[PDB]
Structures are given as C-alpha cells and as structure tokens.
Amino acid sequence: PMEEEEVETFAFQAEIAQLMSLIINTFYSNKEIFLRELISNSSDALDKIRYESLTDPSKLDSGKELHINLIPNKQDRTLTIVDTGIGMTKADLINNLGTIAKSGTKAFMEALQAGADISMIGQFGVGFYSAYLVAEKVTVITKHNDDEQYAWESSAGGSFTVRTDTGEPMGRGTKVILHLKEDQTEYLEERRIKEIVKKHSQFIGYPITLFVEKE
Ligand SMILES: Nc1nccc(-c2cccnc2)n1
C-alpha cells in the first residue's frame, strides 16, 4: 500500500535567505570551520539534556550516553554529524532553523561584505548556516523527548521543508547530514577530519568518535 506523508515547505526569513546566498555564492578560505559550528551546537544540546536530567532523570530514558559521532561516507559523499543531545521540538526547528529572524543576521552580512572571515559566523548566532560552505544540501534529523522525530532539509534556494521522519529512529538527539559539493570531498578523508577536529574542537566536554568505512 502506498504510504502518505505530509510535508510543509517554508520560506526562510528574508535576511536568513540573504545570508545563505552569500555563504554559497562567495569564495571563502577556511570553509573547514563548518565542522566546529556543528560540533558546538551538539555540545550545547548535550549540556541541555545533562542539566535537565538532574531535575528529571527520566529524561535519559531515551539514552544515557552523551556523545558525538562523525561518519564520512565516500560512496554517497556525505559527512554526518550525530549527537545524543536535547534534540529539537517542531517549534524549535521552525524557530532555530529558518522562519524566525535572528538579531545577528544583518550584522553578520555587513561584517562579511566588509571582508570578515566566515569563521566569525558563530558569534552572530547563525553558525549552523556555515554548513553551506561545503554542502549543496543539508538534512537535519532530530528527536526531542516530548515530541516525535522530524526531518528538516534544504538545498537553500530560499526554502526548506519539515516533515515527521519515518526513517530510522534515533533515541534522542540531532543528526546533521551534509551532502557535499564535488570539490569539497576532502572532508570525507579520515586524516582531514582528525586534523580539523584537533584544530578547532578540542574543548568539547563529551566524547567524539570518528567512524571510518573500510577501504
Ligand atoms: N545539534 C543540535 N542540537 C540541537 C539544536 C541544534 C541547532 C541547530 C541549528 C540552530 N540552532 C540549534 N543543533
């Protein structure tokens, strides 16, 4: 029997779309910082569940292990960043990933137009968008304790989709799947991933594991 699934397609808030076009259509040195931004978000999400768990231990029923997994796939050219953090509710997704204006957007774009390094993106509260430095398309699968699992996706172009995810369940946390541009395949190499994690993400207070598919 044919399965039916509801999708909702949203327009990014005007300045957000503007920022995304800037990131994608300009040359930037040190695009590697995309990984630090994503790992910081996972780190923050892991903190949230950890502190919530002190008042309500049952919030760890969905998995007690607090950590990050990096999974490069040379076959389909994706780099996946997975955490067991707090995850995102539907409202979280709509508010954090596109529809609601961010107070730092205008500031960051002015900063970029003036020649700022993309590395500064994080401080403006829009770090997640650096993913588009290396990915033509980004998929976010997420599960929060009092909500169901969702799939958010965008190849930019001013829109994104949100849907209830019928794919493989994760206990709780967020999985970011970067579908890498053709010339950004170095981020699928084990040596290069270890290099950038070592360089930019050494104060994550949760374990990180890199999984390498046998040659
Ligand atoms: N990894 C993770 N976990 C929870 C939330 C987020 C997130 C994404 C994009 C923007 N703000 C927060 N990322």
# chains A, B, ... in the order shown; residues from 1 in each chain; ligands from 1
>>> residues_around(residues="region 72-76 of chain A", least_positions_apart="3", cutoff="9 Å", atoms="only C-alpha atoms", output="MDAnalysis selection string")
chainID A and resid 79:81 179 185 187:190 193 210:213
>>> residues_near_ligand(ligand="ligand 1", cutoff="7 Å", atoms="only C-alpha atoms and all ligand atoms", output="CSV table (one decimal) with C-alpha atoms, in the first residue's frame")
chain,number,residue,atom,x,y,z
A,38,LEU,CA,28.1,22.0,14.1
A,41,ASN,CA,25.7,23.1,18.6
A,42,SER,CA,25.8,19.4,19.5
A,45,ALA,CA,22.5,20.4,23.1
A,83,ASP,CA,24.7,13.8,18.8
A,85,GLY,CA,21.8,15.9,22.9
A,86,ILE,CA,18.5,17.5,23.8
A,87,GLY,CA,17.2,17.4,20.2
A,88,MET,CA,14.6,19.8,18.8
A,96,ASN,CA,16.0,27.9,15.1
A,97,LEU,CA,16.2,26.7,11.5
A,128,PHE,CA,24.6,26.4,11.6
A,173,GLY,CA,19.5,13.9,19.7
A,174,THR,CA,20.3,15.5,16.3
A,175,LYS,CA,21.9,14.2,13.2
>>> closest_residue(among="A:156, A:151, A:109, A:2", to="residue 168 (chain A)", atoms="only C-alpha atoms")
A:151
>>> residues_around(residues="residue 149 (chain A)", least_positions_apart="5", cutoff="12 Å", atoms="only C-alpha atoms", output="JSON, numbers by chain")
{"A": [87, 88, 89, 90, 93, 140, 141, 142, 143, 144, 162, 163, 164, 165, 166, 167, 168, 169, 170, 171, 172, 173, 174, 175]}
>>> select_by_dssp(residues="region 20-146 of chain A", states="strand (DSSP E or B)", output="list in words")
residues 68, 69, 70, 71, 72, 73, 78, 79, 80, 81, 82, 83, 135, 136, 137, 138, 139, 140, 141, 142 and 143 of chain A
>>> write_last_selection(atoms="N, CA and C atoms", output="mmCIF file, in the first residue's frame")
data_model
loop_
_atom_site.group_PDB
_atom_site.id
_atom_site.type_symbol
_atom_site.label_atom_id
_atom_site.label_comp_id
_atom_site.auth_asym_id
_atom_site.auth_seq_id
_atom_site.Cartn_x
_atom_site.Cartn_y
_atom_site.Cartn_z
ATOM 1 N N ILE A 68 29.135 12.460 20.637
ATOM 2 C CA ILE A 68 29.113 12.848 19.227
ATOM 3 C C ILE A 68 29.807 11.797 18.342
ATOM 4 N N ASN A 69 29.225 11.524 17.177
ATOM 5 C CA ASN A 69 29.785 10.561 16.182
ATOM 6 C C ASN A 69 29.950 11.277 14.832
ATOM 7 N N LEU A 70 31.119 11.148 14.216
ATOM 8 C CA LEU A 70 31.359 11.723 12.882
ATOM 9 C C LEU A 70 31.405 10.547 11.896
ATOM 10 N N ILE A 71 30.617 10.617 10.827
ATOM 11 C CA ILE A 71 30.524 9.495 9.889
ATOM 12 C C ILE A 71 30.668 9.931 8.420
ATOM 13 N N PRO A 72 31.882 9.814 7.852
ATOM 14 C CA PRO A 72 32.040 10.223 6.448
ATOM 15 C C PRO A 72 31.664 9.024 5.578
ATOM 16 N N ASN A 73 31.039 9.291 4.435
ATOM 17 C CA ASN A 73 30.650 8.219 3.522
ATOM 18 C C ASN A 73 31.119 8.588 2.091
ATOM 19 N N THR A 78 28.640 11.973 1.728
ATOM 20 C CA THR A 78 28.036 12.729 2.827
ATOM 21 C C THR A 78 28.957 12.660 4.027
ATOM 22 N N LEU A 79 28.923 13.717 4.842
ATOM 23 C CA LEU A 79 29.576 13.700 6.143
ATOM 24 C C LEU A 79 28.429 13.922 7.113
ATOM 25 N N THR A 80 28.273 12.982 8.051
ATOM 26 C CA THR A 80 27.207 13.038 9.034
ATOM 27 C C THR A 80 27.715 13.330 10.439
ATOM 28 N N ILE A 81 27.091 14.305 11.099
ATOM 29 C CA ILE A 81 27.483 14.699 12.482
ATOM 30 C C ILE A 81 26.290 14.347 13.344
ATOM 31 N N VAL A 82 26.464 13.398 14.269
ATOM 32 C CA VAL A 82 25.352 12.935 15.110
ATOM 33 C C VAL A 82 25.624 13.170 16.592
ATOM 34 N N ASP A 83 24.613 13.634 17.335
ATOM 35 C CA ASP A 83 24.682 13.759 18.791
ATOM 36 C C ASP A 83 23.507 13.100 19.518
ATOM 37 N N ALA A 135 28.422 21.920 1.741
ATOM 38 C CA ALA A 135 27.292 21.075 1.380
ATOM 39 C C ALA A 135 26.354 21.806 0.399
ATOM 40 N N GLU A 136 25.915 21.092 -0.634
ATOM 41 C CA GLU A 136 24.954 21.630 -1.595
ATOM 42 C C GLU A 136 23.575 21.428 -0.949
ATOM 43 N N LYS A 137 23.512 20.490 -0.012
ATOM 44 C CA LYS A 137 22.251 20.168 0.612
ATOM 45 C C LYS A 137 22.474 19.624 2.024
ATOM 46 N N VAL A 138 21.599 20.014 2.946
ATOM 47 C CA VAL A 138 21.754 19.623 4.341
ATOM 48 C C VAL A 138 20.446 19.086 4.844
ATOM 49 N N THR A 139 20.554 17.949 5.506
ATOM 50 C CA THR A 139 19.401 17.267 6.094
ATOM 51 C C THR A 139 19.629 17.186 7.599
ATOM 52 N N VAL A 140 18.633 17.604 8.377
ATOM 53 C CA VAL A 140 18.713 17.527 9.846
ATOM 54 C C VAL A 140 17.618 16.600 10.355
ATOM 55 N N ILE A 141 18.015 15.509 11.015
ATOM 56 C CA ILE A 141 17.049 14.572 11.570
ATOM 57 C C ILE A 141 17.147 14.857 13.066
ATOM 58 N N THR A 142 16.028 15.023 13.767
ATOM 59 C CA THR A 142 16.129 15.350 15.186
ATOM 60 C C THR A 142 14.999 14.749 16.032
ATOM 61 N N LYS A 143 15.312 14.416 17.277
ATOM 62 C CA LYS A 143 14.319 13.843 18.179
ATOM 63 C C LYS A 143 14.450 14.478 19.550
#
>>> closest_residue(among="A:147, A:37, A:186, A:92", to="residue 121 (chain A)", atoms="only C-alpha atoms")
A:37
>>> select_by_dssp(residues="region 113-214 of chain A", states="helix (DSSP H, G or I)", output="ChimeraX atom specification")
/A:113,118-124,127-133,182-188,190-200
>>> closest_residue(among="A:9, A:63, A:124, A:202", to="residue 110 (chain A)", atoms="only C-alpha atoms")
A:124
>>> closest_residue(among="A:119, A:55, A:155, A:21", to="residue 35 (chain A)", atoms="only C-alpha atoms")
A:119
>>> closest_residue(among="A:104, A:130, A:114, A:39", to="residue 209 (chain A)", atoms="only C-alpha atoms")
A:39
>>> closest_residue(among="A:12, A:129, A:206, A:152", to="residue 34 (chain A)", atoms="only C-alpha atoms")
A:129
>>> atom_distance(atom1="CA of residue 203 (chain A)", atom2="CA of residue 44 (chain A)")
12.0 Å
